[PDB]
Amino acid sequence: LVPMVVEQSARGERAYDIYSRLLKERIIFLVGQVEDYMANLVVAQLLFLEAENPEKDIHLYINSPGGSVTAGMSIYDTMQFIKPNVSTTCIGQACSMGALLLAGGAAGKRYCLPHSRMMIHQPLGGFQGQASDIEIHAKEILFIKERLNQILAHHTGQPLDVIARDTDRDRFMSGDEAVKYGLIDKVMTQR
Amino acid sequence: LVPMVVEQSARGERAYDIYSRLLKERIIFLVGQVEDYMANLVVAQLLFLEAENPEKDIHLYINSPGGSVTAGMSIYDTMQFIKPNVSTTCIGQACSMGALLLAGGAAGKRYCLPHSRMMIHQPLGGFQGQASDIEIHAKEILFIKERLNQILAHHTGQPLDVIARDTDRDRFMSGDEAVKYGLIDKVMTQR
Amino acid sequence: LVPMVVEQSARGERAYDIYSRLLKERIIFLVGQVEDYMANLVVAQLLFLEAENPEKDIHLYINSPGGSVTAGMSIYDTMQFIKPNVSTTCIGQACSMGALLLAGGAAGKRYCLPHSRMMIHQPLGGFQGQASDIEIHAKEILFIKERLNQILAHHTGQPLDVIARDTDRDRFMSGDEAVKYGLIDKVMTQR
Amino acid sequence: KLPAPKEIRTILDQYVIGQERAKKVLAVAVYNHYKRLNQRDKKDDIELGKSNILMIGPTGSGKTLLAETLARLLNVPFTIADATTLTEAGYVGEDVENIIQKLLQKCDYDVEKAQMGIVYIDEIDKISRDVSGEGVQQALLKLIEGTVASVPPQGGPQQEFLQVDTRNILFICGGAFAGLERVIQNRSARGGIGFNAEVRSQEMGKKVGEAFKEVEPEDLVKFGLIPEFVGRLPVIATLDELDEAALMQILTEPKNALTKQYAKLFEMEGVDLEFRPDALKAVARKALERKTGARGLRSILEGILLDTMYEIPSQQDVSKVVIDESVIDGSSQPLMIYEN
Ligand SMILES: Nc1ncnc2c1ncn2[C@@H]1O[C@H](COP(=O)(O)OP(=O)(O)O)[C@@H](O)[C@H]1O
Ligand SMILES: [Mg+2]
């Protein structure tokens, strides 16, 4: 069960859920497998916070093992499209679709915990059909792969060829390794 | 069903669930298998209580048979990052992941009931794929095993070699045994 | 469906479910198989009532065919730790954990309805694995069996040799037989 | 008569320890206010509107002291009326008229003195957001800007009621707005929760150090005060929290310092009251945890002095009573030179 909290504002006492109370402070939670339904909620949250104050920063915690590529792209594109800077703080694990959002945060506002693990691998796809259909889908997934590599190269700053070789196979990076790679900027240890 | 409760405060009467009422006292409950969804609630709860009173201690009851290593790490890393002391009072059982959180509590504030069983076991992992993937996924489960051994040695104070030897097989430790081992600070019996 | 109840207090009218209304009078219900989730509710209820009135007695009604040993121990250890005397009233069945929690009530406050049935048997366990693992778990289930017998002897006053002999096989005891055995103190018949 | 703002500041500084920001504001505020009562000539310059002040500071910051101390510099009728007692008409409770009534009792029922009076309505924050809320604010609005008095006669018909216009009196308002720090925190760096958040330093008298410096009308409206009400009070003074550094500088520095007063009483019998630097600091910490601040020093000190204050008179030849840090806590007793 989700616990309930009380704001106890000057106006009066109001009951907010644990997630909504944090949402008031510009905090969005990305948990579980990525999909269209959960991703749209993150998109809606980002758009709502945008109108409140386009200047203030938005925090986005990411603990997810991946999911739909299209769903994640909507979040990444939305973060860049909006004016406020979307900070990212990886907690737990960060898979390919997970690490493409963590690296999409504003420079200097990307963080991770000491025991966090970040993984990056090629996009996974599947389809059944005729030879002509397979050739069409094969080009689409291959084209999508180039875009993801370019995105990481832009934020990380590493060469595009290096990104492709590392993403060819599963590669786990710790907090210290990620900073040198360019995925993040600082590893939080204590307040 | 979760029974409701009334605080009967001076400002007025509000209805709080049994779990929410205790949350106001800086108390968090960890029940069931550890997973991303349940663990994220503990993260939000720990962070939320930090703002209300970053000086008052927090009591985290642990009764769980284990679960996701990544989910647990987000809790442990969060407890150490925040300033308040996070007390631990093991009730029931504390398996491999549960024991790690019990040992991660503040010094001198780790407790357990008399009929409490604290088990320690290696991390559980499963993966299928080519030999290259197996070799890549074997270093990760072996590297994680080293991090968990260092964490126990740091809090318990025992040498790393002893932790690896004990974690090789399931080892059940009662309240008294756990005190000598360093996993806890005191065994409470009566108020 | 759970019915609603109105307290009609002097301050004003309030609506509480049938279970919450009884909780106000320091009454806790234990129904169904004992498990970590439902057991945690009882623990929370016991602590909450303690803060409201640490001197007034508490009444715990037990109707369960047994369940998890760990979950039961968390309740038993909590009942003894708190200051108020937790009464116990059997309302028809206690197979393994119900009698341990019925016999773990304050002296002179263990009751049973006229046609209730109470049983006591050794804890059942299930595990699979290597021979070394089986030997480790076998010792654990043998240690638990001894600790449970010691608890009954303490509250019932019977020697340990008799408890172990009676727990080898399922033994049914009526209300009158239980009083002589020492499991309970009085049999409530009429008001 | 019309003393320079700087002189007022120095006089008020004698007791107040570290309210410079508000000190100047309060100084200029009254200075111009009385200049209006002074500048009554008919040269098309009577239109001047008064500007009421809105003092916001944590309880015990020194708000009341400033109002009271300044009242003495004016040497005219002053009063402090709580806001909680007041309730909108139509329900039992004090009526807005009563404020003028009690205010006039201090004035001796003199119209000239009334117009030249100052008010210090306290706990204004209480009336925020059908009854005891906007109603009271609406009624008060007219009163603070412009209203005629209806104070019934004292001692001794209905026409006997007296009148005076509430357009000269400076209605200062002091209030401990609990929660305003969160409203001002939302202005910039709203983050309360999270790793990269602005999580409060502590739950002691450090929290509001300069949190009210950035107080704007919008926040006060969000707090619950009517927009019109916030507009009525253009000036918003800000006070500090009187933390341990302040309390150490307030136990000996002020002209009315408890140590001085206690020393005077002790000096009569012939005991030279002495205090240790760490000793005074110890009391400050004890007061902060107790949450009694200013008001906790006297009590705390009485618990550490009264004990030996009942002995000292019966003892002779006493020359000094050294108060050690240990003495402040419950470990030792006041060291005393029983003989010379
Ligand atoms: N700097 C100071 N010097 C001397 N006394 C002070 C000081 N600050 C507060 N006090 C004392 O605290 C008391 C409380 O008044 P004040 O702090 O103005 O607001 P409140 O009455 O709401 O606490 C006053 O009686 C005053 O004597
Ligand atoms: Mg005062």
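Chains as they are written, first to last, in full-length UniProt numbering: chain A, 19 to 209; chain B, 19 to 209; chain C, 19 to 209; chain D, 90 to 218, 228 to 254, 258 to 441.
Each residue gets a CB set at the ideal place from its N, CA and C atoms; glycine is no exception.
- Excluding sequence positions up to five before and after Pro21/C, its CB lies within less than 6 Å of the CB of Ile36, all in the same chain and listed in chain order.
- Taking 9 Å as the upper bound on Cβ-Cβ separation, chain C lies near residues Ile109, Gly110, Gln111 of the stretch 99–115 of chain B.
- No Cβ of chain B is located within less than 8 Å of the beta carbon of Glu329/D.
- At least one CB atom of chain D sits nearer than 8 Å to the CB of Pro72/B.
- For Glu43/B, the closest Cβ of chain D is not nearer than 8 Å.
- For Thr168/D, the CB stays at least 7 Å from every heavy atom of ligand 2.
- In the three-state reduction of the DSSP assignment, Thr353/D falls in the coil class.
- DSSP places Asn103/A in the coil class of the three-state scheme, outside both helix and strand.
- At a cut-off of 7 Å, the beta-carbon of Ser400/D does not count as near ligand 1: no heavy atom of the ligand is closer than that.
- Closer than 7 Å to some heavy atom of ligand 2: that describes the Cβ of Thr153/D.
- The beta carbons of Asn81/A and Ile46/A sit about 12 Å from each other, so the pair does not count as a contact at 8 Å.
- Using beta-carbon distances, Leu59/C counts as an interface residue toward chain B, with a partner under 8 Å.
- By the C-beta density criterion, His172/B is exposed, having fewer than 16 other C-beta atoms within 10 angstroms.
- Going by beta carbons, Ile270/D and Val208/D fall inside the 8 Å limit.
- Contact note: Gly30/A reaches chain D through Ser217, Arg218, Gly325, using a C-beta cutoff of 9 Å and chain order.
- Around the beta carbon of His133/C, a 10 Å sphere encloses fewer than 16 other beta carbons of the protein chains shown; the residue is thus reported as exposed.
- Interface with chain C (8 Å Cβ-Cβ cutoff): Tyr55/B is excluded.
- Taking a contact to require three or more Cβ pairs closer than 8 Å, the stretch 79–96 of chain C and the stretch 42–61 of chain C qualify as touching.
- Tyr363/D has its CB no nearer than 7 Å to any heavy atom of ligand 1.
- A distance criterion of 7 Å places the beta-carbon of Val105/D in contact range of ligand 1, judged by its closest non-hydrogen atom.
- Pairwise C-beta distances place the stretch 157–174 of chain C out of contact with the stretch 92–103 of chain D, as fewer than three of them are shorter than 8 Å.
- When the beta-carbon positions are compared, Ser105/C and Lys127/C come within less than 8 Å of each other.
- A straight-line Cα-Cα distance of about 9 Å links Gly138/D and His122/D.
- Comparing alpha-carbon positions, the option among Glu243/D, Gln236/D, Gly397/D, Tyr198/D lying closest to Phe272/D turns out to be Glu243/D.
- Closer than 9 Å at the C-beta level to chain A, one finds these residues of the stretch 293–314 of chain D: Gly293, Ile294, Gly295, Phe296, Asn297, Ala298, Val300.
- At a cut-off of 3 residues, the continuous stretches assigned as beta strand (DSSP E) that sit fully inside the stretch 36–103 of chain A are 45–49, 76–82.
- The Cβ neighbour count for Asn164/D, taken over all protein chains shown within 10 Å, is under 16; the residue is labelled exposed.
- Listed along chain D, the residues sitting closer than 7 Å to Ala69/B by beta-carbon distance are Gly293, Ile294, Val300, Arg301.
- Apart from sequence neighbours up to five positions away, the residues of its chain that approach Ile100/A with a beta-carbon distance below 7 Å are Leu64, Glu68, ordered along the chain.
- Closer than 8 Å to the CB of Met22/A there is at least one CB belonging to chain B.
- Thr107/B counts as buried, since at least 16 other C-beta atoms from the protein chains shown sit within 10 angstroms of its C-beta.
- The beta carbons of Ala121/A and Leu201/A sit about 5 Å from each other, so the pair counts as a contact at 8 Å.
- A contact is defined here as three or more CB-CB pairs under 8 Å, and the stretch 102–114 of chain D meets this definition with respect to the stretch 352–364 of chain D.
- In terms of side-chain proximity, the C-beta atom of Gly175/B is found no nearer than 7 Å to any non-hydrogen atom of ligand 1.
- Burial of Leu143/D is indicated by the presence of at least 16 other C-beta atoms within 10 angstroms of its C-beta.
- Taken through DSSP and simplified to helix, strand or coil, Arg333/D comes out as helix.
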